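Everything below concerns the one structure shown next.
Residues take their numbers from the sequence shown, with the count starting at 1. Below, all heavy atoms of this structure are taken into account, side chains as well, without hydrogens, waters or symmetry copies.
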Amino acid sequence: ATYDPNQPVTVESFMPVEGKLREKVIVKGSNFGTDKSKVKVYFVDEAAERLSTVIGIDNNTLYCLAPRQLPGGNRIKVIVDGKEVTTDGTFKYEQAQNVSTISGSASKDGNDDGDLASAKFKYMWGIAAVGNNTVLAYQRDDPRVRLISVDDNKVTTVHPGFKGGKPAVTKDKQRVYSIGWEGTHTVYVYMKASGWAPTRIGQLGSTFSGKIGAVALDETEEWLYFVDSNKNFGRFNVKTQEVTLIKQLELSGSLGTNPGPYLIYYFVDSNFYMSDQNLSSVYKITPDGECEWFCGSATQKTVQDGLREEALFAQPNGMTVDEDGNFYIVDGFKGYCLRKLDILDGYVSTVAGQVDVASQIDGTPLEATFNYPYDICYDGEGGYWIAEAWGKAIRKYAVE
């Protein structure tokens, strides 16, 4: 009937014993009460407790929807008013994965807007996932910023002429920031409230003499961080316009300029991580500009999976991170595949594409192929959006 504070919460059973994303799961027990706000249900895998949407409740029953979670047998955890129970049994989750082409083709070269099938692109090298199956994509050739909305079946251009690489997306996805590749490095913001139209918010100055291929927001999202191709690591304040050269990185050799090193912010340690084509490696950079090797070899450009410390890239390009702190790196020339660093395993695996096969096959990820995948951005909900260079296309790797 009614919740009793003096009694424990119990779970006796659940159903079904296996399922896929958004499976309707019923958990049977006692003392759940009748207030969903005081309940949390988790499907618990090896990496995390995955919060589940509870759709109905009574004192003996929870109706919830299976969330994205790791494949295999996962226990269910019920919390009611602090009281925690984890099941003896496991719910066997069946995960789905797919690579699909969103718009564009290597067989299409152009700037044509239109619908998803009618649009054309040129070489792209940056992408922002802004949720709701929508991305902003950045062309190198006939440089521009394209807006692709899958649910609206619509490709438009929001910023003709602008040449930028990897953008930064705010947590709330209401803003995307870009810095111009060359010149004075003009800083733009694209706002949802403007329909993703650009607003100029400043410039770095040609003091940052290198090309700029990426920008990353700090934890507070007050600062944009970047490393130019001449190793100038710096930041720019998006409210006050303050610009600071933090350090010229102590790295040997020449960084790339096509578009330049890719940089991301990593929430797990609040450091930045940088990839470069020429060094064919990823480096950890602290906010003060201290650099350390993280993955790959500057002398061995080849796809090799294994522990982080032995893994190799052919051409590590853009990167993104999932909610578990795993890294994703698109691997370009001689690779054409998606590399995942699973941080719990400390292990680099190739999860999509076929090594050194440049094409655009869709389907199950290990049968799928990519054509110079160059940047990637995670949407927070299992979607990995990929901008291709010579592929001239947007692809989506979806994990459900």
- prompt: Going by atom types alone, do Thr86 and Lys77 pair a side-chain donor with an acceptor below 3.5 Å?
  reply: no
task: Decide whether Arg235 and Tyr225 meet the rule of one side-chain donor and one side-chain acceptor closer than 3.5 Å.
output: yes
message: Keeping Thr184 on the side-chain end and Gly205 on the backbone end, is there a donor-acceptor pair under 3.5 Å?
response: no
- line: residues 374-392 vs salt bridge (charged side-chain N to carboxylate O under 4.0 Å, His left out), sequence neighbours excluded, gives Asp109-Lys392, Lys166-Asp375, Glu388-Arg395
- prompt: Just by distance, do the side chain of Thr320 and the backbone of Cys377 share a donor-acceptor pair under 3.5 Å?
  reply: no
- prompt: Any side-chain donor-acceptor pair under 3.5 Å between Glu222 and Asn237?
  reply: yes
- request: Give a yes or no on whether the ring-centroid distance for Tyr123 and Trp390 is below 6.0 angstrom.
  value: yes
query: Do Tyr273 and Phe327 have ring centres separated by under 6.0 Å?
result: yes
- prompt: Counting N and O atoms only, with roles assigned by atom type, does the side chain of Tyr262 sit under 3.5 Å from a partner on the main chain of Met274, one being a donor and the other an acceptor?
  reply: no
message: If I compare all heavy atoms of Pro167 with all of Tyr138, which pair ends up nearest, and what's the gap?
response: CG-CE1, 3.6 Å
message: Would you say the rings of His159 and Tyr190 are close, in the sense that their centroids are separated by under 6.0 Å?
response: yes
field: For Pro287 against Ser270, the heavy-atom pair lying closest together
entry: CG-O, 3.7 Å
- request: Flag the pair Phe272 / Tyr265 as yes when their ring centroid distance falls below 6.0 Å, and as no otherwise.
  value: yes
query: Should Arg75 and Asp88 count as an ion pair when the cut-off is N to O under 4.0 Å?
result: no
message: Can you give me the closest heavy-atom contact between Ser275 and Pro316, atom names plus distance?
response: OG-O, 3.8 Å
task: Check step by step if side-chain contact (heavy atoms from CB on, under 4.5 Å) holds for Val303 and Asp356.
output: CA-CA 9 Å; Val303 178; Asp356 199 28; over 6 Å; no
- prompt: Between the side chains of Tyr378 and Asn326, is a donor N or O closer than 3.5 angstrom to an acceptor N or O?
  reply: no
message: Could you check whether any side-chain N or O of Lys120 sits under 3.5 Å from a backbone N or O of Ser105, counting only pairs where one atom can act as donor and the other as acceptor?
response: no
message: Quick check against the 3.5 Å criterion: does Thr257 have a side-chain atom that pairs as donor or acceptor with the backbone of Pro259?
response: no
query: Any chance the side chains of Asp142 and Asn111 put a donor and an acceptor closer than 3.5 Å?
result: yes
message: With salt bridge (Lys or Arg N to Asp or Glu O under 4.0 Å) as the criterion, how do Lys340 and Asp322 come out once you've worked through the C-alpha distance, each side chain's angles and the decisive distance to 0.1 Å?
response: CA-CA 10 Å; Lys340 174 180 176 193; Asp322 73 12; 5.3 Å; no
message: Looking only at the side chains, is there a donor atom on one of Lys28 and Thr61 sitting less than 3.5 Å from an acceptor on the other?
response: yes
Pair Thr157, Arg146: side-chain N/O donor-acceptor within cut-off below 3.5 Å: yes
Test item: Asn230 side-chain N/O and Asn232 main-chain N/O as donor-acceptor pair under 3.5 Å: no
query: Does a side chain donor of either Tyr3 or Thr34 reach within less than 3.5 Å of an acceptor in the other side chain?
result: no
- prompt: Would you say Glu367 has more than 12 foreign heavy atoms packed within less than 6.0 Å of its CD?
  reply: no
message: I want to know whether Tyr372 and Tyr336 have ring centres closer than 6.0 Å.
response: yes
task: Ignoring hydrogens and angles, tell me if any N or O in the side chain of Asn371 forms a donor-acceptor pair with the backbone of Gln360 under 3.5 Å.
output: no
message: I'd like to know whether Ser281 forms a side-chain contact (heavy atoms from CB on, under 4.5 Å) with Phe313, so could you lay out the CA-CA distance, the side-chain angles of the two residues, the decisive distance to 0.1 Å, and finally the verdict.
response: CA-CA 7 Å; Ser281 305; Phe313 306 98; 5.5 Å; no
- request: Over all heavy atoms of both residues, which pair between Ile179 and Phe226 is shortest? Give the atoms and the distance, please.
  value: CD1-CD2, 3.7 Å
field: Common cluster, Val44/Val54, ILVMFWY with side-chain heavy-atom separation under 4.5 Å
entry: no
field: Flag, side chain of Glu242 to backbone of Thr240, donor-acceptor distance under 3.5 Å
entry: no
query: Do the side-chain N and O atoms of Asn31 and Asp4 include a donor-acceptor pair separated by under 3.5 angstrom?
result: no
query: What is the minimum heavy-atom distance between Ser118 and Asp112, and which atoms define it?
result: O-CB, 4.2 Å
message: Could you check whether atom NZ of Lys83 has more than 12 heavy atoms from other residues, nucleotides or ligands sitting under 6.0 Å from it?
response: yes
task: Verify whether one side chain among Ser37 and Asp35 offers a donor that lies under 3.5 Å from an acceptor in the other.
output: yes
- prompt: With under 30° as parallel and over 60° as perpendicular, where do the rings of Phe91 and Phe43 fit, or are they tilted in between?
  reply: perpendicular
task: List the steps, then state whether side-chain hydrogen bond (donor to acceptor under 3.5 Å, both in side chains) holds for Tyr42 with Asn74.
output: CA-CA 10 Å; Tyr42 297 97; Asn74 296 324; over 6 Å; no
query: Using 4.0 Å as the upper bound for N to carboxylate O, is an ion pair formed by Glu250 and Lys247?
result: yes
- prompt: Between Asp172 and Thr170, is any side-chain donor less than 3.5 angstrom from a side-chain acceptor?
  reply: yes
query: What about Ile148 and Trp385, same hydrophobic cluster or not, with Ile/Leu/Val/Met/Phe/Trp/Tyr joined at side-chain heavy-atom distances under 4.5 Å?
result: yes
task: Using a strict cut-off of less than 4.0 Å between a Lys/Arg side-chain nitrogen and an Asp/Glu carboxylate oxygen, indicate whether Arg68 and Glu323 qualify as a salt bridge.
output: yes
message: Whether the side chain of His185 engages the backbone of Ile212 through a donor-acceptor N/O pair (distance < 3.5 Å, no angle test) should be reported.
response: no
task: Would you check if there is a donor-acceptor pair between the side chains of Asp362 and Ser100 at a distance under 3.5 Å?
output: no
- prompt: Where is the tightest heavy-atom contact between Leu70 and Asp45, given as atom of each residue plus distance?
  reply: N-OD2, 2.9 Å
Salt bridge present between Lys284 and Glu292 (N-O < 4.0 angstrom): yes
task: Spell out, as yes or no, whether a donor-acceptor pair under 3.5 Å connects the side chain of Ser103 to the backbone of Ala119.
output: no
message: Distance alone, cut at 3.5 Å: any donor-acceptor contact between the side chains of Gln277 and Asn317?
response: yes
query: Does the pair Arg50/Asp324 count as a salt bridge with the N-to-O cut at 4.0 Å?
result: yes
